[PDB]
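*Asks:* Sharing a structure, written as structure tokens. Questions coming.
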Amino acid sequence: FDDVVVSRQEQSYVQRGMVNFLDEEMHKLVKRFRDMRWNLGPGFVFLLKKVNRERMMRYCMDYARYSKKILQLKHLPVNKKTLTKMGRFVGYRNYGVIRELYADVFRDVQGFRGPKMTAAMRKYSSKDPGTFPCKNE
């Protein structure tokens, strides 16, 4: 359970893979509203991206550790390519959880509007996922 050591750099790969996967799936749900021409607000999309990053941060240390772990266990190379894919895999495993949290976003804002976008929110939204804190909260 705790015999694997992962570098910050290796953690970054896992964080990016996970957040990239979740953001990609997210953008697909967002299209649902766009296709309807019933625009979800930028503040709403921001809240969704935040769900993705906070879920990744929740158990970040374990996600990175066990991603590197499984690779070693399966005798596979441990690098940016394989760690990024493990991150994406973790994102996949967590899709159900994520969808339930998006549900909370909807009722939390009492609609599809979402808060107004501020500079701070845009900065957070563009921040490299690989630079978010990585520790089990």
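Residues are named by chain letter and number: chains run A, B, ... in the order of the structure tokens, numbers start at 1 in each chain, and ligands are numbered from 1 in the order shown.
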Can you pull out the residues contacting residue 123 in chain A? Cut-off 12 Å, using only C-alpha atoms, and skip same-chain residues under 5 positions away; I want them as a list in words.

*Replies:*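 Here the qualifying residues turn out to be residues 46, 50, 117, 118, 128 and 129 of chain A.
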
*Asks:* In chain A, what's alpha helix (DSSP H) per DSSP? Answer as number ranges by chain?

*Replies:* A: 8-36, 42-58, 60-73, 80-93, 95-108, 119-126

*Asks:* Identify which of the residues A:63, A:58, A:53, A:42 lies closest to residue 93 in chain A, counting only C-alpha atoms when measuring atom-to-atom distances.

*Replies:*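 So, comparing all the options, the nearest one is A:63.
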
*Asks:* Which of these, A:107, A:75, A:31, A:80, has the shortest distance to residue 11 in chain A once you count only C-alpha atoms?

*Replies:*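 Using only C-alpha atoms, the shortest distance to residue 11 in chain A belongs to A:80.
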
*Asks:* Would you mind reading off the distance between CA of residue 131 in chain A and CA of residue 81 in chain A, one decimal, in Å?

*Replies:*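 Between these atoms lies a distance of 17.7 Å.
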
*Asks:* Please list as a count of residues only every residue within 12 Å of residue 114 in chain A, counting only C-alpha atoms and excluding residues in the same chain fewer than 2 positions away.

*Replies:* 21

*Asks:* Would you please work out which residue, of A:61, A:90, A:134, A:121, is nearest to residue 22 in chain A when using only C-alpha atoms?

*Replies:*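 Among the listed residues, the smallest separation from residue 22 in chain A belongs to A:90.
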
*Asks:* Contacts of residue 67 in chain A at 10 Å or less, counting only C-alpha atoms, minus same-chain residues fewer than 4 places along, as a PyMOL selection string?

*Replies:* chain A and resi 4+6+10-11+14+61-63+71-73+78+82-87+89-90

*Asks:* Counting only C-alpha atoms, what is within 9 Å of residue 52 in chain A, bar same-chain residues fewer than 2 positions away, as a list in words?

*Replies:* residues 18, 19, 22, 23, 26, 47, 48, 49, 50, 54, 55, 56, 57, 91 and 98 of chain A

*Asks:* Can you write out the residues you just picked, keeping C-alpha atoms, as a tab-separated table (two decimals), in the first residue's frame?

*Replies:*
```
chain	number	residue	atom	x	y	z
A	18	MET	CA	-6.64	12.62	-15.16
A	19	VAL	CA	-7.69	16.21	-15.58
A	22	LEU	CA	-12.15	14.55	-17.33
A	23	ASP	CA	-12.01	17.92	-19.13
A	26	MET	CA	-16.75	17.41	-19.67
A	47	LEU	CA	-17.40	25.05	-11.88
A	48	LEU	CA	-17.23	21.78	-13.83
A	49	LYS	CA	-13.50	22.15	-14.43
A	50	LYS	CA	-13.10	22.82	-10.72
A	54	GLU	CA	-10.70	18.98	-6.91
A	55	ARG	CA	-11.48	15.30	-7.49
A	56	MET	CA	-7.99	14.82	-8.86
A	57	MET	CA	-6.58	16.62	-5.82
A	91	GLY	CA	-10.08	9.78	-14.72
A	98	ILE	CA	-17.51	13.19	-11.42
```

*Asks:* May I ask for the distance between CA of residue 5 in chain A and CA of residue 65 in chain A, given in Å to one decimal place?

*Replies:*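 Separating CA of residue 5 in chain A from CA of residue 65 in chain A is a distance of 6.7 Å.
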